[PDB]
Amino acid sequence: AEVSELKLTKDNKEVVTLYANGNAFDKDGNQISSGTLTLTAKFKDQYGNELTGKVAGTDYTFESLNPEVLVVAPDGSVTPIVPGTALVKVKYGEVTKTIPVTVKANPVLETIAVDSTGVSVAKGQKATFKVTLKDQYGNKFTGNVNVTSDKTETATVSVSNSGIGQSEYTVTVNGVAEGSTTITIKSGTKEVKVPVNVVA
């Protein structure tokens, strides 16, 4: 025979990004949730005919040359273990092929992005800005958010969605009395401060 394709897949999509947690991503960075994670393989004969009706596991077997890093079932099924690089192998009699596979470290919170630099609200009014959590790769990250205010007699604060389960939240600040103060937005071990000025 001859090995004509060796791709990593889930639900017919090629996998460009794979985390330690098993999550997988196409070219666009849209997550694949359908299918199981596998390697696909196609083969030709000595005259270039695509060998058909072939059984993965029986006619051909898959090996992981780095089994502490990535588990590959002989039928081609795939589960990541920790971040690193694994070399994967397909076998068809004497005929073999090798591809690299990269497991990336899972997302963790890197940045609390804040739509605002300071807030100006009139006494007895509300103001609004957005908070976006980002991971080390600079994509949206779902995580918890907590907002407080240094002086509640000047201004009070609240967050959409009870500050859980989301990667984008709305912060409302109510103007309570004339004067100034600071809101603090906390998430994980990180924190941003925002000044606030309540006008008449």
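Start at 1 with the first residue shown and count on from there.
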With B-factors read from the PDB entry, the higher C-alpha mean of 58 to 66 and 147 to 155 is in 58 to 66
Mean CA temperature factor from the deposited coordinates, higher in 29 to 37 or in 171 to 179? 29 to 37
Given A73, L109, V114, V119, the residue at which the Cα B factor reaches its maximum: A73
Quiz for you: based on the deposited Cα B-factor, which of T96, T85, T79, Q125 is highest? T96
Place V3 in the lowest, middle or highest third of its chain's C-alpha B-factors, as listed in the PDB entry. highest
Taking only the Cα B-factors deposited for this chain, tell me whether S187 sits in the lowest, middle or highest third. lowest
